[PDB]
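Before any questions on how it binds or moves, here is one chain, the form deposited in one PDB entry, in structure tokens.
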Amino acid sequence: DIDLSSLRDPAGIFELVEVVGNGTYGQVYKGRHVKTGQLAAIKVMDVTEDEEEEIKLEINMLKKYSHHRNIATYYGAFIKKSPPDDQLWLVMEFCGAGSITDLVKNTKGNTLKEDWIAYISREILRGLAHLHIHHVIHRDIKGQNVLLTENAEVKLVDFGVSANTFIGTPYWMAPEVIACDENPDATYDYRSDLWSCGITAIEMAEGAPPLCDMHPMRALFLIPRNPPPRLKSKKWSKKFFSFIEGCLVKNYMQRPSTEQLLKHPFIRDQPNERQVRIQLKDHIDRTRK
């Protein structure tokens, strides 16, 4: 429950600073709570035709399901009314260190240490488990939607695709979400996010998802046809290969649940957990340029 009629103007409450990206629909600004100076991420979306119900939906999911440490917390919603085509500001917790895509991009050799991948993946999985118990599928798990705070906390964003008129990036999409001759009605199940989580792990390991060198339309054709993607390097632990294999089961019917993957030795057994939190924290401060 949320009505656009009750929603106040953001003037004096929140102000925009600089653009830090975009979502499914609308630009994402680094915002500031006027009275305290506290940073907040502001999603500014134009309320138009069809988008009126699409943006309204994101508000209800963000409001009700962001009450977990691994999901960026919903603060509030506002409408900066323009002549009778308005602008909606969706305010949530700011994640200072940026996306995990940005992390691997700003790392020597565009790869992260295996124990960093283990920590990040578990945090994605924990946020996913919370959504899945609440009968919610994220539907857009990718490094761009996995953000870090200044204190190396991992948080999930964007309920823009969650269960518009544009098809986004295909590389993190599970085979079953792509419609083809033997799969006409797609078939989104919660396990679709686990495939996406595995592709995000290859992204942390190699700096890019598998098939990144393909035209997006060609990758969309290949994902359901190709065998499960594999890590290029042999350096990785047997536990990491097994985790990737676990996430990337082609047929979602034999793919493990979020709960099963949370018990995977790669996720479950993390002895250097405290040190990687320090290492990661140190790395985000090191990126001072």
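Counting begins at 1, following the sequence as shown. Take the two forms, find the largest set of C-alpha atoms that superpose within 1.5 Å, and that set is the rigid core.
Below, we refer to the form deposited in another entry, which is not included among the displayed structures.
Trainee: So which one of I223, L248, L261, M45 actually moves, Cα shift of 2 Å or more between the shown form and the other one once the core is superposed?
Mentor: After core superposition, the one over threshold is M45.
Trainee: Once the core is aligned, please say if the CA of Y74 is shifted by at least 2 angstroms between the shown form and the other one.
Mentor: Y74: C-alpha displaced by 2 Å or more between the shown form and the other one.
Trainee: Superposing on the rigid core, is the CA of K64 displaced by 2 Å or more between the shown form and the other one?
Mentor: Yes, because once the rigid core is superposed, the C-alpha of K64 moves 2 Å or more between the shown form and the other one.
Trainee: Is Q279 displaced by at least 2 Å at its C-alpha between the shown form and the other one when the rigid core is overlaid?
Mentor: Comparing forms between the shown form and the other one, the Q279 CA shifts below 2 Å.
Trainee: Compare the CA separation of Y190 and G76 in that other deposited form with the one in the displayed structure, and answer closer or farther (the difference is at least 3 Å).
Mentor: Relative to this form, closer in that other deposited form.
Trainee: Given that the CA-CA distance for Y25 and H67 shifts by 3 Å or more in that other deposited form, does it become closer or farther?
Mentor: They are farther apart; the C-alpha distance rises by 3 Å or more in that other deposited form.
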